[PDB]
Amino acid sequence: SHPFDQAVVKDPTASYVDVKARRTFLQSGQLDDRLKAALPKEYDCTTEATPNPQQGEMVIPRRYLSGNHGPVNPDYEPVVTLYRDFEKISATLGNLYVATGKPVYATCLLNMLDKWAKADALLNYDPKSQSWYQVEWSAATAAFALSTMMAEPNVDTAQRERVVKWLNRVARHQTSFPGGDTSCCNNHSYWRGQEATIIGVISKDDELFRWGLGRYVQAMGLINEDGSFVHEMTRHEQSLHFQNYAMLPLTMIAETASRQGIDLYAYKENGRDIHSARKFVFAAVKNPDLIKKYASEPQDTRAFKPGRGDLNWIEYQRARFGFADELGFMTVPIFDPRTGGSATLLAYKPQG
Ligand SMILES: O=C(O)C1=C[C@H](O)[C@H](O)[C@H](O[C@H]2[C@H](O)[C@H](O)[C@H](O[C@H]3[C@H](O)[C@H](O)[C@H](O[C@H]4[C@H](O)[C@H](O)[C@H](O)O[C@@H]4C(=O)O)O[C@@H]3C(=O)O)O[C@@H]2C(=O)O)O1
C-alpha cells in the first residue's frame, strides 16, 4: 500500500510535542511578548460546567446552503456550537496541562471526556451527513489534548483507559467509511488522517496509526506542479481557503509521526512535497492571479489575517524549518483546538 505500512507506535505517551521539554522552556526560557501573550489563564476547572453530549443520534445540518461553497446554511451554526465548546475547553485544558504541569487540568479533561464516553458520543450518526465530518474534528481535538497527559500518574487511571478505548472506537468507526469522489481524497481525508494518527498513538493501535500516515502519502500524490492541491482547486471562491485548510491536518500528521521516529516532511512524490504546497499558499496570497488558473471567483480570504486559527500550521512548520514569515501574519498568538490548541504556546521560539 505505502512506504509506512510496517510502522509501529513506539511510545503512546510521546504526544505531538515534547511536553516536558516545552514546559521547561516555558518556565525557564527568555520569553518575548508574543509568547507571554500566549500563556493560557489558569482557572478552577473543577467547578466549571462542561457541555453534555447529545443523547442518541448525532444530527447536524449541512454546512452549505447548496453545493460545497457559497453561503452558509443558517441552521448549521446554532447546532455545532455544542461541539465547538467541547473542542475549545478540551484544547484549553490540554494547553494548561502543558504550560503548568498541574494534574488538576488533566483530571478536569478526563471528567469531561468520561461523560462523553459513557454516553457513546460521536458513534451514532448517518455517515452521509455533516455529522461524519464533525466527528473527525471533535475526536482529534480531544485526543490531542489527552495525548499530553498519557504519562501523568495523578489521575484516575481506570478512567483514563475507558476514555482512550472510547476514542479508539470513535476513530475506527469514523475512518471505516471510504467517502465519496471528493471526501475520499480531499482535505477531509487528511483530517481523518490526523484523527487516526493521534488516536492510533495514544491507544497503541498500529493499524490506525498506519492508516493515518497513509493519508499523508495520499496527499503528496495530489499536489500539482505549482504546489496546489488538486481537489482544493475545485472550490470556487473558497479554493485558496481550502488550499490553506488542507495544511492544518497534514502538518499535525507530520508532527505526530516525528515523535515516533518518522520524518513525513521528507516524503515526496515525483519531486513534490509539503514544502511545495506551503510555497504555493504563500505566493497565492501575495498574488491571487495565481488562483485564476483554477477559479475565476474573487477569493474569500477570511483565513488570512493575524490571529486566525487557520494559520496554526505555520507555528509548527516555522519552528521546525526556520523559514520567513513573508506574509507578516505571525504577530498575535494563534489558537486552534483542532490542531492541538495554541501553536504559539507549544512550538514558537523567539529568534535572535
Ligand atoms: O480562528 C478564528 O479566529 C475564527 C474566528 C471567527 O470568529 C470564527 O470563530 C471562525 O470560525 C471557524 C471555525 O473555527 C472553524 O475553523 C470553521 O471551519 C470550517 C472550515 O473552514 C470549512 O469551511 C469546513 O468545510 C467543510 C464543510 O464543513 C462540509 O463538511 C463540506 O461538505 O466539506 C468542507 C471541507 O471540504 O472541509 O467546515 C468547517 C466547520 O464548519 O467547522 O470555520 C469557521 C469560520 O467561519 O471560519 O474562526
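All values below come from the heavy atoms of this structure, side chains included, with hydrogens, waters and symmetry mates left out. For ligands, and for the atoms within them, numbers begin at 1 and follow the listed sequence. Just so you know, residue 1 is the first one in the sequence shown, and it goes up from there.
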Exercise for review: Answer yes or no for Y76: is there a heavy-atom contact with ligand 1 below 4.0 Å?
Suggested key: yes
Review point. Going by heavy atoms, is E232 under 4.0 Å from ligand 1?
Key: no
Review point. Is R308 salt-bridged to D310, cutoff N-O under 4.0 Å?
Key: yes
Check your understanding: Can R235 be said to touch ligand 1, with heavy atoms closer than 4.0 Å?
Key -> yes
Check your understanding: Can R215 and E136 be counted as an ion pair, charged N to O under 4.0 angstrom?
Key -> no
Exercise for review: Consider ligand 1: state whether an atom of it lies below 4.0 angstrom from any non-hydrogen atom of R62.
Suggested key: no
Point to revise | Proximity flag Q134 to ligand 1, non-hydrogen atoms under 4.0 Å | key: no
Practice item. Salt-bridge test for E152 and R160: reply yes if a basic N is under 4.0 Å from a carboxylate O, no otherwise. Key: no
Exercise for review: Answer with yes or no whether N187 contacts ligand 1, where contact means a heavy atom under 4.0 Å from a ligand atom.
Suggested key: yes
Check your understanding: Should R172 and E207 count as an ion pair when the cut-off is N to O under 4.0 Å?
Key -> no
Check your understanding: Should you measure from each heavy atom of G307, which atoms of ligand 1 turn up under 4.0 Å away?
Key -> 3 (O)
Practice item. Could you pull out all residues at least two apart from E87 that satisfy salt bridge (charged side-chain N to carboxylate O under 4.0 Å, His left out)? Key: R338
Practice item. Give yes if a backbone or side-chain nitrogen or oxygen of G309 is under 3.5 Å from a nitrogen or oxygen of ligand 1, and no if not. Key: yes
Check your understanding: Does ligand 1 have an atom under 4.0 Å from some heavy atom of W191?
Key -> no
